[PDB]
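Residue numbers (the deposited numbering), protein chains in the order written: chain A, 97 to 194; chain B, 97 to 194; chain C, 94 to 194.
Quick reminder that beta carbons are idealized off the backbone N, C-alpha and C, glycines included.
The block underneath contains the structure these notes are about, expressed in structure tokens.
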Amino acid sequence: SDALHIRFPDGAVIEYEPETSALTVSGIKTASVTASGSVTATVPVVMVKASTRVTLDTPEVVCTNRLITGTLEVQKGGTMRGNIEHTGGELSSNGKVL
Amino acid sequence: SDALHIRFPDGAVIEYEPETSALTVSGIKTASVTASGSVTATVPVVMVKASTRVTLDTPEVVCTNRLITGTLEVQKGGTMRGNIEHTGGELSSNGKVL
Amino acid sequence: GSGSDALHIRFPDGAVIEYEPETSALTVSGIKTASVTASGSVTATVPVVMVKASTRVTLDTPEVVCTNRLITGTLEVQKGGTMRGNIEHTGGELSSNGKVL
Ligand SMILES: CCCCCCCCCCCCCCCCCCCC(=O)O[C@H](COC(=O)CCCCCCCCCCCCCC)COP(=O)(O)OCCN
Numbered sequence: 097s098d099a100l101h102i103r104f105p106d107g108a109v110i111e112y113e114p115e116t117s118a119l120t121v122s123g124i125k126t127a128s129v130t131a132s133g134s135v136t137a138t139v140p141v142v143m144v145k146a147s148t149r150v151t152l153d154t155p156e157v158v159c160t161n162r163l164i165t166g167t168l169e170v171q172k173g174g175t176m177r178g179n180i181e182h183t184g185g186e187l188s189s190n191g192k193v194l
Numbered sequence: 097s098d099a100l101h102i103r104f105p106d107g108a109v110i111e112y113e114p115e116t117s118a119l120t121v122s123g124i125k126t127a128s129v130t131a132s133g134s135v136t137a138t139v140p141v142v143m144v145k146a147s148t149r150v151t152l153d154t155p156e157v158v159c160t161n162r163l164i165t166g167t168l169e170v171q172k173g174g175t176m177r178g179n180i181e182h183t184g185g186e187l188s189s190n191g192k193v194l
Numbered sequence: 094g095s096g097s098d099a100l101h102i103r104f105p106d107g108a109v110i111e112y113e114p115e116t117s118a119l120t121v122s123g124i125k126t127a128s129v130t131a132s133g134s135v136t137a138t139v140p141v142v143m144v145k146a147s148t149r150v151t152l153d154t155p156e157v158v159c160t161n162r163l164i165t166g167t168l169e170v171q172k173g174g175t176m177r178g179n180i181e182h183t184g185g186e187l188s189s190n191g192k193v194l
């Protein structure tokens with residue numbers, strides 16, 4: 097083919113717009129992608145806007161460079177290498193400030 | 097169009113069901129999206145079930161609120177701001193339990 | 094048989110949306126933006142997920158949950174947190190409010 101605009105009876109749309117080179121899927125309830133090898137996205141900016149939660153259910157999540165978070169909870173321990181600088185509050189272990 | 101059930105000769109299927117508003121992609125080995133600008137997903141729940149690994153290969157991963165993990169490995173240092181509460185084990189640095 | 098359908102769309106901007114049954118590869122290329130908007134959930138189930146983003150990946154959500162291990166190059170925690178279990182620091186200095194501990 098050379099065009100893609102599908103509008104479904106529930107109001108969902110799957111479309112590709114060449115004028116702005118924009119692929120859109122909208123108005124759906126669920127999507128599920130099952131693959132036996134890999135799923136890859138290669139693009140400068142990825143935005144995941146999830147009003148409930150993003151779950152990465154995997155043995156390993158790897159962030160290759162920087163990871164920034166508002167708050168952190170580590171449930172079962174870990175390791176830190178390099179310089180770790182804490183500021184702007186109290187660092188405590190088993191109820192004892194350091 | 098207004099319907100979608102594509103059944104490929106390798107057993108893969110791409111389909112949309114408007115009564116449940118469900119988009120399904122199944123039976124594939126790999127998927128990839130390559131874009132020059134951005135990829136966005138807007139949905140309350142994002143679920144990634146990756147039996148080997150999820151890699152976020154990027155200068156920066158930003159979690160805008162809370163991040164929860166089982167275990168943590170920081171390879172090249174970092175900064176922590178605010179109150180940091182350690183409990184339920186030993187916090188050690190360069191071999192010494194604080 | 095398993096099916097006889099095909100998917101190969103080449104658009105005037107050079108984008109391609111196709112499925113290649115020879116390698117079972119679904120490919121979208123040559124686009125500028127993609128967006129998926131859903132009211133319930135999106136699931137991907139696959140051994141390997143690779144997100145190769147030369148600027149940034151933002152997870153704009155109340156909570157990101159990594160069910161097992163999280164590995165990062167550097168870490169920046171902006172507004173506090175909790176760490177449970179054994180935490181081992183090596184290979185540098187852990188400093189709090191200016192004091193090397
Ligand atoms: C935490 C972040 C990391 C994990 C989550 C993000 C992962 C990012 C990478 C995802 C890669 C999977 C998606 C591959 C491309 C799918 C879309 C191309 C296929 C396509 O448009 O086919 C049309 C039907 O719609 C379709 O086939 C629509 C299928 C859409 C599948 C994707 C559903 C959402 C899954 C989550 C990933 C989405 C990321 C954003 C793209 C064909 O139409 P036709 O044959 O009738 O045309 C003929 C004329 N009419």
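Residue i: which of the options sits nearest, CA to CA?
i: residue 177 of chain C; options: A:182, A:188 and A:112; result: A:188
i: residue 151 of chain A; options: C:184, C:110 and C:163; result: C:163
i: residue 155 of chain C; options: A:166, A:154 and A:159; result: A:166
i: residue 183 of chain B; options: A:181, A:173, A:183 and A:116; result: A:173
i: residue 191 of chain C; options: A:186, A:148 and A:103; result: A:186
i: residue 137 of chain B; options: C:180, C:153 and C:128; result: C:128
i: residue 171 of chain C; options: B:171, B:180 and B:170; result: B:180
i: residue 120 of chain A; options: A:102, A:106 and A:130; result: A:102
i: residue 98 of chain B; options: B:193, B:149, B:106 and B:112; result: B:112
i: residue 100 of chain C; options: C:94, C:106 and C:110; result: C:110
i: residue 130 of chain C; options: A:146, A:105, A:104 and A:131; result: A:146
Could you please give the first and the last residue of the uninterrupted beta strand (DSSP E) stretch that includes residue i?
i: residue 144 of chain A; result: 141-145
i: residue 187 of chain A; result: 187-189
i: residue 194 of chain C; result: From DSSP, residue 194 of chain C is part of no beta strand (DSSP E); its letter is neither H nor E.
i: residue 125 of chain C; result: 118-138
i: residue 153 of chain C; result: 149-153
i: residue 181 of chain B; result: 180-183
i: residue 166 of chain C; result: 156-170
i: residue 113 of chain B; result: 109-113
i: residue 173 of chain A; result: Premise fails: residue 173 of chain A is in no beta strand (DSSP E) and is neither H nor E.
Just confirm the distance between the C-beta atoms of residue i and residue j, as a whole number of angstroms; I'd bet it's less than 8 angstroms.
i: residue 82 of chain B; j: residue 108 of chain A; result: No statement about residue 82 of chain B is possible, as the shown extent of chain B runs from 97 to 194 and does not include it.
i: residue 134 of chain B; j: residue 160 of chain C; result: Between residue 160 of chain C and residue 134 of chain B the Cβ distance is about 27 angstroms, and since that is not below 8 angstroms, they are no contact.
i: residue 124 of chain A; j: residue 117 of chain B; result: 5 angstroms
i: residue 144 of chain C; j: residue 142 of chain A; result: 6 angstroms
i: residue 194 of chain A; j: residue 194 of chain C; result: 6 angstroms
i: residue 95 of chain C; j: residue 105 of chain B; result: 5 angstroms
Got a sec: does ligand 3 put a non-hydrogen atom nearer than 8 angstroms to the Cβ of residue i?
i: residue 102 of chain B; result: The ligand content of the structure shown is limited to ligand 1, which means ligand 3 is not among them.
Scan the segment 132-153 of chain B for residues whose Cβ lies nearer than 9 angstroms to a Cβ of chain C and list them as they occur along the chain.
Residues passing the 9 angstroms Cβ filter: 132, 133, 134, 135, 136, 137, 138, 139, 140, 141, 142, 143, 144, 145, 146, 147, 148, 149, 150, 151, 152 and 153.
Could you please tell me which residues of the segment 104-116 of chain C, in chain order, have their CB closer than 8 angstroms to any CB of chain A?
Listed by position, the residues of the segment 104-116 of chain C near chain A (Cβ gap below 8 angstroms) are 104, 105, 106, 108 and 110.
Using a Cβ cut-off of 9 angstroms, which residues of the segment 167-191 of chain B contact any Cβ in chain A, in chain order?
Flagged, chain order: 167, 168, 169, 170, 171, 172, 173, 174, 175, 176, 177, 178, 179, 180, 181, 182, 183, 184, 185, 186, 187 and 189.
Between the segment 155-167 of chain A and chain C, which residues of the former have a C-beta closer than 9 angstroms to a C-beta of the latter?
Listed by position, the residues of the segment 155-167 of chain A near chain C (Cβ gap below 9 angstroms) are 155, 156, 157, 158, 159, 160, 161, 162, 163, 164, 165, 166 and 167.
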